[PDB]
Amino acid sequence: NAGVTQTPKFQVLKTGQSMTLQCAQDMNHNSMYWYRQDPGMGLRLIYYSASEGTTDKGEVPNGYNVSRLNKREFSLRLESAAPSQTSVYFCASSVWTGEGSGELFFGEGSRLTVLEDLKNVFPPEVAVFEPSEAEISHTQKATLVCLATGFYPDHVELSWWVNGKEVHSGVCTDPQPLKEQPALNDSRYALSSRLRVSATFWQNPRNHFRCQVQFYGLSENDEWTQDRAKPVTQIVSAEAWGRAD
Amino acid sequence: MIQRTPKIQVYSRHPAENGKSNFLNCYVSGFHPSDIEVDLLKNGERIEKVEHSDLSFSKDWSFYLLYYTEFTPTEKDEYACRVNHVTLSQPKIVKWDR
Amino acid sequence: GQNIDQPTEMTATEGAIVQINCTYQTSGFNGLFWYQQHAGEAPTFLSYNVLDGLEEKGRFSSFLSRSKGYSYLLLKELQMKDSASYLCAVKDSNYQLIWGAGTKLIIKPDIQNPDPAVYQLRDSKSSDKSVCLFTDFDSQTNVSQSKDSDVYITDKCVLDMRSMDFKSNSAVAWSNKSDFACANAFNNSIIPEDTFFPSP
Amino acid sequence: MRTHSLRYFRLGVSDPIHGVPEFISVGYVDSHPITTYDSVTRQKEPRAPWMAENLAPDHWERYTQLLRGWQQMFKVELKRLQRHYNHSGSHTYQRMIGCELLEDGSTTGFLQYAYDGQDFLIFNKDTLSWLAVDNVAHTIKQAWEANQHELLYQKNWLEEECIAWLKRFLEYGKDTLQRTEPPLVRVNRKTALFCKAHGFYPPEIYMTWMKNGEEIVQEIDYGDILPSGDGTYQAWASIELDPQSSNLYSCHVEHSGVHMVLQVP
Ligand code: NA
Ligand code: NA
């Protein structure tokens, strides 16, 4: 009952590196598809598999290959990654194909960024800023801000944690990151998020607040030659406690 | 299960004239299921070089096929079509009658 | 070639109605699909039309005219959770799916009691940044990007305090420059005349 | 033009003897095969030269993939029917879909299935429903009719897409399909009078006997319209002679808008 499961969610690659994306479906579907989604255009089919035991090219097959391993699994292979293959990849499946009315069921998506050099990969700096006293007395509400700044590529997940539990109510995180230098093609990114609570909740001194950013970056097998720390996948966080006043 | 026996018709492409090259046809139709064996016979012997269309489908779900061979009819030569199907306990032979 | 066209972006107000248009020119037609795609998420199926007319499904209806090569997706009683992209797609004569580029639907919340203000948040001992929050303004206000390259300004964001059934817009500005002050952080935006600036 | 039709057949066999394909699919325009696919070649291929010459390799490649999917679907469906019938051994499953463009400009469209060569399910694209012949078909009817959108899709394909394909193929093959080869007709004495026609195209022809200017349907023997092998057809009709009284017999042939009478003296 998982539907379509594809991995990985994020991946950074150097030009020329190999990569396999996995996709499995547990719906007993016959047809599977690999799409890429890019800004400003409709989904483009890369390869598809109308049934177990057959595959064929889509609209944009060059630089890719596929394997319909069994009824459930349809893997997508990038043998020599190119910067143009930076994209969000979606696996999809349908009960049959040609059945005119049959819809597609999509996986969660895989975001790939392909770079000529990894020396521009950076994790975020994360800081938390406590609510304005003026806001508290004017509105009886209290807004905390989390800033995740200087990261690259845009492979992050920001979450707020109140008293050890993830929260979503009262939270707004920017849906798109900010380019810190909007003119450069490889600009590092910034992302803001707000958590707003009642003044009474903020003024309890044992309430604990944490903003956490998961960054997806390099792994053990990526080569690193820069003087600064290797920008591996990692979690960066900052915290604040409530303030009695 | 309703199995339908083949209808077998033997005829020449053109009105036959002895000493004039023609084609001998065996049109086998209306049978079900699809497996079938068809031979053209000359004086009782199986003719080696014999063509046939692909299996064809009719609207009523039966099948049909055309077997044919080039020939020149003569006074003495007798031709036939021999067909075997699951509905036939022994092959059926249909002579060419002109 | 075959083409499918839909507007890049549409903006409407919470509670209202919006019609998202999709026009197609294709070689043959075996039906038209609508999908919803929340930011960062997978598309999910909304509707299918292949004969002419209007089909209803909750707050969403989908219309098709084959002779005009036209469909729309109609969303009624708009809610903030309808903020998403909406993708049109048409199967051609050979069952190839031709995808429109998507329409991003932006929904302005209805702010019952606007209280626009610019607040200075508390410094963090671990950061050199000063941080300013523009908040509680009505949805007609637009937030402009910074004109200074060492000032960063994020676009407005709608937050929902579920417990209090309370929504508010806000945008954040920050910098580590000495001359940065919340009183001037949003000077490149047109902000409400009554925006509250608490004393420094 | 005359009436023309486009139709696609599928055949599945559950336990075929050695060599014989599990699945075959063949398309026709009028009496002419245009396409073919089976589970042995696993390729869709032209069966008429004016199809090969007018459809680019992308067409054959794309429908080859669809047909491999349809082949698997057909096997699953037949496995389900034979389980529900509680049938052992080899059984057949067939599908026929297509459309007609009539001379007067009207259209028809049809889709039906058979099990062991007998009607099983028949689609009504006006009431948007499936007619079931028995309770195995009735179970399938229920499942197919629960997917209202697929019914609407089939109505659109039959009424709009099929007719567009047909018009496209009719133009590709117009030299073959839209030509006329008139029949050569004679009478011979075999006692019965035999009216024989050969060399004609299209195969549609009407031959009958009249007796003193009156038709005698019940007394006339009608031969089949048969392929001659060269792209033309032949046919015949016979009527038995009354040896006790003379009559004015005459054979009447209608083909492609032309009527002819052979009055026998
Ligand atoms: Na490739
Ligand atoms: Na036998």
Side-chain angles (χ1 to χ4, degrees), chain B residues 4-31 36-44 46-47 50-56 58 62-74 77 79-85 88 91-96 98, chain D residues 31-33 181-189 191-209 220-240 251 253 255 262:
Chain B
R4 292 121 82 172
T5 205
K7 187 186 180 184
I8 304 159
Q9 293 168 267
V10 184
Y11 56 97
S12 48
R13 175 178 296 184
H14 308 100
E17 183 142 39
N18 320 94
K20 301 210 169 223
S21 207
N22 214 326
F23 277 83
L24 179 78
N25 287 318
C26 183
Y27 184 78
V28 184
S29 62
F31 59 91
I36 194 161
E37 205 173 338
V38 179
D39 287 319
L40 294 187
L41 307 174
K42 174 177 177 184
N43 301 320
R46 150 154 174 77
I47 301 173
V50 170
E51 313 272 88
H52 62 87
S53 60
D54 285 1
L55 181 70
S56 295
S58 297
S62 62
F63 307 102
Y64 63 96
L65 278 156
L66 172 73
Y67 278 71
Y68 57 101
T69 187
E70 189 161 19
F71 78 139
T72 306
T74 62
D77 295 309
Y79 290 85
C81 184
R82 186 180 54 202
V83 167
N84 199 4
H85 188 249
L88 299 172
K92 183 180 301 175
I93 300 178
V94 179
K95 301 162 181 272
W96 177 42
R98 35 78 156 259
Chain D
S31 51
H32 301 270
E181 299 202 48
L184 282 160
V185 181
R186 70 200 182 273
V187 299
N188 74 294
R189 269 175 160 81
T191 71
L193 297 178
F194 276 82
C195 187
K196 300 193 158 207
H198 74 282
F200 54 86
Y201 184 86
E204 292 65 41
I205 190 160
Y206 322 95
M207 318 182 53
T208 186
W209 279 101
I220 298 162
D221 192 6
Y222 293 103
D224 292 340
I225 302 167
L226 296 181
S228 297
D230 64 354
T232 69
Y233 293 77
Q234 53 184 264
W236 60 266
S238 66
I239 199 190
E240 295 208 336
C251 171
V253 180
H255 181 255
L262 287 72

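Naming convention: chains lettered A, B, ... in sequence-line order (proteins, then strands); numbering from 1 in each chain.
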Q: About how many Å separate CG of B:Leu24 and NZ of B:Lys42, when rounded to the nearest 0.5 Å?
A: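 Taking NZ in B:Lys42 and CG in B:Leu24, the distance rounds to 11.0 Å.
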Q: Going by distance alone, is a donor N or O of one side chain under 3.5 Å from an acceptor N or O of the other, for D:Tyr233 and D:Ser31?
A: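 Their side chains do contain a donor-acceptor pair, which is all the 3.5 Å distance test asks for.
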Q: Atom OG1 in D:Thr232, atom CZ in B:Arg13: separation rounded to 0.5 Å?
A: 8.0 Å
Q: Considering the options B:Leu55, B:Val83, B:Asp54, which one meets the side chain to side chain contact (heavy atoms under 4.5 Å, CB included) requirement together with B:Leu65?
A: B:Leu55
Q: In Å and rounded to the nearest 0.5 Å, what is the OG to CZ distance from B:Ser29 to B:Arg4?
A: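 It comes to 11.0 Å.
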Q: If you measure from SG on D:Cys195 to CZ on D:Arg186, what distance do you get to the nearest 0.5 Å?
A: 9.5 Å
Q: Any idea how B:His85 and B:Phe31 line up, ring-wise: parallel (<30°), tilted (30 to 60°), or perpendicular (>60°)?
A: perpendicular
Q: List the atom of B:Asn25, the atom of D:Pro227, and the distance in Å for their closest heavy-atom pair.
A: ND2-O, 4.0 Å
Q: Specify the closest pair of heavy atoms between B:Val94 and B:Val10, including all atoms of both residues, with the distance to one decimal.
A: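 Looking at all heavy atoms of both residues, the shortest contact is O-CG2, 3.7 Å.
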Q: Answer yes or no: is there a side-chain heavy-atom contact under 4.5 Å between B:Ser21 and B:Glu70?
A: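 Yes; the side chains approach each other to less than 4.5 Å.
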Q: Do the non-hydrogen side-chain atoms of B:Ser56 and B:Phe63 ever get within less than 4.5 Å of each other?
A: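 Heavy-atom side-chain distance check fails, nothing below 4.5 Å.
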Q: Shortest non-hydrogen contact from B:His14 to D:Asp230?
A: NE2-OD2, 4.1 Å
Q: With ring centroids as reference points, do B:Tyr64 and B:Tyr27 lie under 6.0 angstrom apart?
A: yes
Q: Please report the closest heavy-atom contact between B:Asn84 and B:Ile36, naming both atoms and the distance.
A: O-CG1, 3.4 Å
Q: Could you tell me if the side chain of D:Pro183 sits less than 4.5 Å from the side chain of D:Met207, heavy atoms only?
A: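 Contact flag for D:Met207/D:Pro183 side chains = no.
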Q: For D:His32 and D:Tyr201, I'd like to know if the aromatic rings sit close, meaning centre-to-centre distance below 6.0 Å.
A: yes
Q: Which atom names give the shortest non-hydrogen contact between B:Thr74 and B:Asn18, and what distance separates them?
A: C-ND2, 3.5 Å
Q: Would you mind reporting whether D:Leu193 and D:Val187 have side-chain heavy atoms less than 4.5 Å apart?
A: no
Q: Can you tell if the side chain of D:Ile225 reaches within under 4.5 Å of the side chain of D:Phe200, non-hydrogen atoms only?
A: yes
Q: Should B:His52 and B:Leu66 count as side-chain neighbours, where that means a heavy-atom distance under 4.5 Å?
A: no
Q: Ignoring hydrogens, what is the shortest heavy-atom contact between B:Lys20 and B:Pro73? Give both atom names and the distance.
A: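 It is O-CD, 3.2 Å.
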Q: Apply side chain to side chain contact (heavy atoms under 4.5 Å, CB included) to the pair D:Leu226 and B:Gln9, showing each step before the final yes or no.
A: CA-CA 9 Å; D:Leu226 296 181; B:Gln9 293 168 267; 3.5 Å; yes
Q: Side-chain contact test, heavy atoms from C-beta onward, threshold under 4.5 Å: evaluate it for B:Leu41 versus B:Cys81 and give yes or no.
A: no
Q: What is the distance from atom NZ of B:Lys92 to atom CD1 of B:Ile8, rounded to the nearest 0.5 Å?
A: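 These two atoms lie 5.0 Å from each other.
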Q: Measuring from atom NZ of D:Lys196 to atom OH of B:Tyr11, what distance do you get when rounded to the nearest 0.5 angstrom?
A: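 So the gap between those two atoms works out to 12.0 Å.
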Q: Answer yes if the ring centres of B:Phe71 and B:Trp96 are under 6.0 angstrom apart, and no otherwise.
A: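 Yes, the ring of B:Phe71 comes within the 6.0 Å limit of the ring of B:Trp96, centre to centre.
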Q: Might you work through the side chain to side chain contact (heavy atoms under 4.5 Å, CB included) test for D:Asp221 and D:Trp236, ending with a clear yes or no?
A: CA-CA 9 Å; D:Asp221 192 6; D:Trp236 60 266; 3.7 Å; yes
Q: Any side-chain heavy-atom pair from D:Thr208 and D:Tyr222 closer than 4.5 angstrom?
A: yes
Q: Side-chain donor-acceptor pair under 3.5 Å between D:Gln234 and D:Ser228, yes or no?
A: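 Present: a donor and an acceptor within the cut-off.
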Q: What I want to check is whether the side chains of B:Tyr68 and B:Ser53 have a donor and an acceptor closer together than 3.5 Å.
A: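 Note: B:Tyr68 and B:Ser53 side chains miss the donor-acceptor criterion.
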